[PDB]
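This report concerns only the one structure given below.
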Amino acid sequence: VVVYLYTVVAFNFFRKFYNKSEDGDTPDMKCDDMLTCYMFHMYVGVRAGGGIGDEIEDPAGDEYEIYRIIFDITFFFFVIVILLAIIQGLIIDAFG
Amino acid sequence: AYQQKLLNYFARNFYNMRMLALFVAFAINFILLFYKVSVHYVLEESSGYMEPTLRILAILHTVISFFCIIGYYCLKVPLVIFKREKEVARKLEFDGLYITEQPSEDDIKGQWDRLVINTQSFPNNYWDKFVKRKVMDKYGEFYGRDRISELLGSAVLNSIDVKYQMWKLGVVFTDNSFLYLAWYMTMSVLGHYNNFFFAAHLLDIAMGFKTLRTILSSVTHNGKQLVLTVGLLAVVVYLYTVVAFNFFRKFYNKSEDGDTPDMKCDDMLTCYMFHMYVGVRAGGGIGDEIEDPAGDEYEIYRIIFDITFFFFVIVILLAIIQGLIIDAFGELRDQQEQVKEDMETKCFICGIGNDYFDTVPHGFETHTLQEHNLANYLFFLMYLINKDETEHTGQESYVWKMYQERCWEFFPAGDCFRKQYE
Amino acid sequence: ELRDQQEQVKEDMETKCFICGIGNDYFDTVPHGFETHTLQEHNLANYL
Amino acid sequence: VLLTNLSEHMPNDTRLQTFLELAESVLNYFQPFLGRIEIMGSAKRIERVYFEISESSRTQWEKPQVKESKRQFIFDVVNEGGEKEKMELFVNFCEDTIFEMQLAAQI
Ligand SMILES: Nc1ncnc2c1ncn2[C@@H]1O[C@H](COP(=O)(O)OP(=O)(O)OP(=O)(O)O)[C@@H](O)[C@H]1O
Ligand SMILES: Nc1ncnc2c1ncn2[C@@H]1O[C@H](COP(=O)(O)OP(=O)(O)OP(=O)(O)O)[C@@H](O)[C@H]1O
Ligand SMILES: Cn1c(=O)c2c(ncn2C)n(C)c1=O
Ligand SMILES: [Ca+2]
Ligand SMILES: [Zn+2]
Ligand SMILES: [Zn+2]
């Protein structure tokens, strides 16, 4: 539910910061498809480890830079640290 | 009278359209992700009722939301308005705050309750009307004149309840739960106006499966070391930015190889947002997004700098942030455990439990089934209220008088009848 | 360890006083019992 | 009520016992109805009190809207509660549970 809420927000505002291609000279890939966006965020941002701030456009020189930094930093360390750590904690406490 | 029938239907049926509203919002946001970009539009995959049933279910959601809050208006609102009247009256009698206290600038709740004494119908539920005249004539002699004053004072124009109803709205609007469901209604309305943020109604999983008091559970165990600890992490990174800015004014390159118009970290402000956004969200540490130290006379300093400082930062600080958050869950589960276990071994009323009570087979089971059972006190109070005040027995009237006196030692503390025998 | 010592200062101080050193077990049966102990009886400044 | 009071305030009989088990489907019909409690009736000894449980209240208290409030109250008591307020808050719970029992009964 948290990742789906995120996909709602990022899809409904950040309709340019996704590039699966390289540098845009190749026929660039924004992931507008909501369905794909969600599987993207699971498959990539959860299996990232470093967070979704890696597979992303760099925020240099844009008037959404502050919002996207606050967005990324707070939201996804709040996601991966807390949620994945307590999933791990439940599974290990089962063994306990 | 159809409105009477209707509101009694909604109050009898209240705890099912919560589940229905959660199911409806869940099924709508099952669909809402089917979008694309042309300006936003929905595709058509299998069955061509996507747009009209989205329209229908948004209508139905908003109706069930308003439906539900009116059902909640007819329900628990009398219970909480009852509890507030009872607290106000039983602090006028045994304390008399509007005689003596005139309370302090904190606890503004009673200060709002000040606006209700000069109504027409003050204790209008309270199982009662009487205690107003009792208090204001028991104290109205050597604080006489003002209390004797403030005791007495279709075609309907101004003959309804005015100040009590305003006070009632004031107490209703300070609720947790009512204000929560009113915000839920307004989000239904604005999501009906714009179906993008209609998905905020998956936040009602906060009253999810067998976790009905999760709002109180999350409000309670907020450690607030964590705010001070995030402050500590910010201070350590700010100290770092001071040091790196004041010495290492060349080892930052956001560009590639310098043939591009290179980007050297200089702006203090940015240097700080850079270190948060990058070095904290690194994982590998700030030793990655950096110049390599090959061939420089600050190589030793920068290696010691990076290694010691940022494993000292990320390992220790981020691990103990994680530890605080997980230990919050640990406290949740421990209190949810030692409610149940020590309730199921040692009851309220005895308060000793199955140790010398233990030897009877099905012992504590028989205790809570027959002996006290905690509703027989409640049904006992039904019985001991609903009879007349001449037909009590001896023990019966005795318990009535001790209840009216507020003594509270007729509950058997430390011993019960089975233990009394010997 | 920090949090454990900060915890079992407060709890065993608030159940069993200095001077008695037995606390609310056979002292328990009085309502507001240990409260009355530390308020009236010893109070640790009345020694001072 | 009377036969229960005989058998309980005087157990360990030989005299009553044959009569006690003799023809009692009344006891089967009236152990949803008798409520027994325990108090101290100023003689400093525990004295059990037998009374009536209204038939319009077992349904009224075993249904939801009130069974909901029960667990919430048990949680707020056993979670945090001083050794003296226990019962005062308990009777406050009793009184507004009567109030809710009333206004749920009118439904
Ligand atoms: N003095 C007491 N007053 C009330 N309940 C007690 C007391 N002592 C023990 N109990 C326990 O309360 C439990 C009530 O049983 P149970 O919880 O299954 O039914 P319930 O209370 O209706 O369910 P729920 O708690 O889900 O509403 C019993 O297991 C009993 O052990
Ligand atoms: N023998 C004792 N001597 C001193 N204090 C005791 C003793 N036994 C118990 N206490 C506890 O000391 C506590 C003092 O109360 P409290 O800590 O609220 O005031 P304080 O000591 O002035 O506050 P602070 O500790 O913040 O200065 C009481 O709760 C009491 O239970
Ligand atoms: C009518 N009535 C009373 O008269 C009453 C009471 N509690 C105490 N009294 C005195 N309750 C709950 C009640 O309903
Ligand atoms: Ca009489
Ligand atoms: Zn008991
Ligand atoms: Zn002492």
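On a 0 to 90° scale, report how tilted helix C:2-13 is relative to the longest principal axis of chain C, with both axes built from alpha carbons and the result rounded to the nearest 10.
Result, in degrees: 10.
In what order do D:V77, D:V66, B:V156 fall by count of nearby beta-carbon atoms within 10 Å, going from fewest to most? Write out the running numbers ahead of the final one.
Numbers: D:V77 18, D:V66 15, B:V156 6.
The most exposed by this proxy come first: B:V156, D:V66, D:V77.
Once the mean 1/r over all distinct Cα pairs of the protein assembly as shown is inverted, what Kirkwood radius in angstroms do you read off?
Numbers: mean 1/r = 0.0312 Å⁻¹.
In the protein assembly as shown this quantity evaluates to 32.1 Å.
Quickly estimate the mean residue ellipticity at 222 nm for chain B, helices only: each DSSP H run with n ≥ 4 gives -39500 (n - 2.57), and the total goes over all residues, rounded to 500. All intermediate terms of the calculation are to be shown ahead of the outcome.
Numbers: 18 runs with 230 residues, N = 422.
For chain B, the value works out to -17000 deg cm²/dmol.
Would you give the gap between the C-alpha center of the stretch A:1-55 and the C-alpha center of the stretch B:337-384, rounded to a whole Å?
After rounding, the separation between the Cα centres reads 57 Å.
First select every other residue whose beta carbon is under 13 angstrom from the beta carbon of B:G284; then total the charges, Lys and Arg +1, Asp and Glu -1.
Numbers: positive: B:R281; negative: A:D54, B:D288, B:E289, B:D306.
Neighbour charge sum, excluding B:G284 itself: -3.
Calculate log10 I(q)/I(0) of chain D for q = 0.14, 0.15, 0.20 Å⁻¹, where I(q) comes from the Debye formula with a single equal point scatterer on each Cα and nothing for solvent.
Debye curve over Cα of chain D, log10 I(q)/I(0) at q = 0.14, 0.15, 0.20 Å⁻¹: -0.82, -0.90, -1.13.
Which is the longest stretch in chain D that no exposed loop site breaks, taking sites as GluC sites (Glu not before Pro) with a DSSP loop state and at most 16 other Cβ atoms within 10 Å?
Values: sites that count: D:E21, D:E24, D:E80, D:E83, D:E85.
The longest such stretch corresponds to D:25-79.
When you take every Cα atom in chain C, what is the radius of gyration, and what is Dmax, the widest Cα pair distance, in Å?
For chain C, the Cα-based Rg and Dmax read 12.1, 35 Å.
Loop-only check: which trypsin sites (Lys or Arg not before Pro) in the stretch B:319-422 are DSSP coil with at most 11 other Cβ within 10 angstrom?
Working: sites: B:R333, B:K340, B:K346, B:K387, B:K401, B:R406, B:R418, B:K419; in loops: B:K346, B:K387, B:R406.
Here the sparse-neighbourhood loop sites are B:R406.
Between the stretch B:219-263 and the stretch B:127-157, what is the separation of their alpha carbon centroids in Å?
66
For a footprinting-style exposure proxy, rank B:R90, D:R36 by other Cβ within 10 Å, fewest first.
Details: B:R90 14, D:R36 20.
Least to most surrounded, the residues fall as B:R90, D:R36.
Which value, in debye to the nearest 20, gives the size of the charge dipole of chain A about its Cα centre, when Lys and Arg are +1 and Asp and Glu are -1 at the Cβ? Working shown, then result.
Details: 6 positive and 15 negative charges, 97 e Å.
So the dipole magnitude of chain A works out to roughly 460 debye.
If you bin the C-alpha pair distances of the stretch B:296-422 every 10 Å from 0, what whole percents do you get?
9, 22, 19, 14, 9, 8, 7, 6, 3, 1, 0
Could you check the spin-label model distance between B:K224 and C:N43? Points 7 Å from the Cα along Cα→Cβ, value in nm.
Taking the two extended label points, one gets 3.0 nm.
Amide H neighbours of D:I37 under 5 Å, counting only residues 5+ apart in sequence or on other chains, H built in-plane at 1.01 Å?
D:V49
For the stretch A:34-96, count all C-alpha to C-alpha pairs, find those more than 19 Å apart, and express that count as a whole percent of the total. Show your work: numbers first, answer last.
Details: 859 of 1953 pairs.
Counting every Cα pair in the stretch A:34-96, those more than 19 Å apart make up 44 percent.
Give me the compactness ratio for the stretch D:26-79, meaning the Cα radius of gyration over 2.2 N^0.38 Å. Show your work: numbers first, answer last.
Values: Rg = 15.3 Å, N = 54, 2.2 N^0.38 = 10.0 Å.
Rg over 2.2 N^0.38 Å, computed on Cα atoms: 1.53.
Would you work out which of A:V1, A:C31, A:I92 lies farthest towards the positive end of the dipole of chain A? Charges go on Cβ: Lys and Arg +1, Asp and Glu -1.
Sorting the options by dipole projection puts first A:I92.
Relative to the compact-globule scaling 2.2 N^0.38 Å, provide the ratio for the alpha-carbon radius of gyration of the stretch B:53-201. Intermediate values should be presented prior to the final figure.
Values: Rg = 20.7 Å, N = 149, 2.2 N^0.38 = 14.7 Å.
Compared with the compact-globule rule of thumb, the stretch B:53-201 sits at 1.40.
How would you classify the stretch B:78-142 from its alpha-carbon gyration tensor, with a ≥ b ≥ c the square roots of the eigenvalues: rounded for a/c under 1.5, else prolate if a/b is greater than b/c, otherwise oblate?
Details: a/c = 1.84, a/b = 1.03, b/c = 1.77.
Judged from the Cα gyration tensor, the stretch B:78-142 comes out oblate (a/c at least 1.5, b/c at or above a/b).
Just tell me how shielded D:46-54 is by partners: mean number of partner chain Cβ atoms within 10 Å of each residue's Cβ, no decimals. If you can, show how the numbers build up before the last one.
Numbers: counts 8, 6, 4, 8, 1, 9, 6, 7, 4.
Per residue, the average neighbour count from other chains is 6.
Past 19 Å, Cα to Cα, is the threshold; run B:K138/B:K168; B:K86/B:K134; B:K86/D:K67; B:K387/D:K86 against it and keep the listed order. Spell out each step's value before the answer.
Values: B:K138/B:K168 27 Å; B:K86/B:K134 15 Å; B:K86/D:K67 22 Å; B:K387/D:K86 27 Å.
Over 19 Å Cα-Cα: B:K138/B:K168; B:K86/D:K67; B:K387/D:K86.
List the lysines whose Cα sits under 19 Å from the Cα of B:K5, skipping any in the same chain fewer than 8 residues away.
B:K76
Size of the dipole of the protein assembly as shown about the Cα centre, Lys and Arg at +1 and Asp and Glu at -1 on the beta carbon, nothing else charged, in debye to 20?
Working: 60 positive and 96 negative charges, 646 e Å.
That gives a dipole near 3100 debye.
Can you tell me how the stretch B:135-185 classifies by the Cα gyration tensor, rounded, prolate or oblate, using a/c under 1.5 as the rounded cut?
Numbers: a/c = 5.78, a/b = 1.78, b/c = 3.24.
Judged from the Cα gyration tensor, the stretch B:135-185 comes out oblate (a/c at least 1.5, b/c at or above a/b).
Fewest Cβ neighbours within 10 Å first, please rank A:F95, D:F30, D:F90 accordingly.
Lowest count first: A:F95, D:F30, D:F90.
In whole Hz, with x marking every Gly and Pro, tabulate ³J(HN,Hα) for the stretch A:36-50 from phi via Karplus 6.51 cos²θ - 1.76 cosθ + 1.60, θ = phi - 60°.
Once rounded to whole Hz, the list reads 5, 3, 6, 5, 4, 6, 4, 4, 9, x, 7, 7, 6, x, x.
Could you run the Karplus curve 6.51 cos²θ - 1.76 cosθ + 1.60 with θ = phi - 60° over the stretch B:392-400 and give me ³J(HN,Hα) per residue in whole Hz, x for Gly and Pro?
Couplings: 6, 8, x, 4, 5, 5, 4, 5, 4 Hz.
Taking amide H atoms as placed 1.01 Å from N in the peptide plane, list the residues 5 or more away in sequence, or in a different chain, whose amide H sits under 5 Å from that of B:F34.
Placed amide hydrogens put nothing under 5 Å from B:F34.
Positions of Cβ are generated from backbone atoms using ideal geometry, with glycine treated the same way; all protein chains shown enter the neighbour counts. Only the coordinates and a few stated rules stand behind these numbers; no lab work does.
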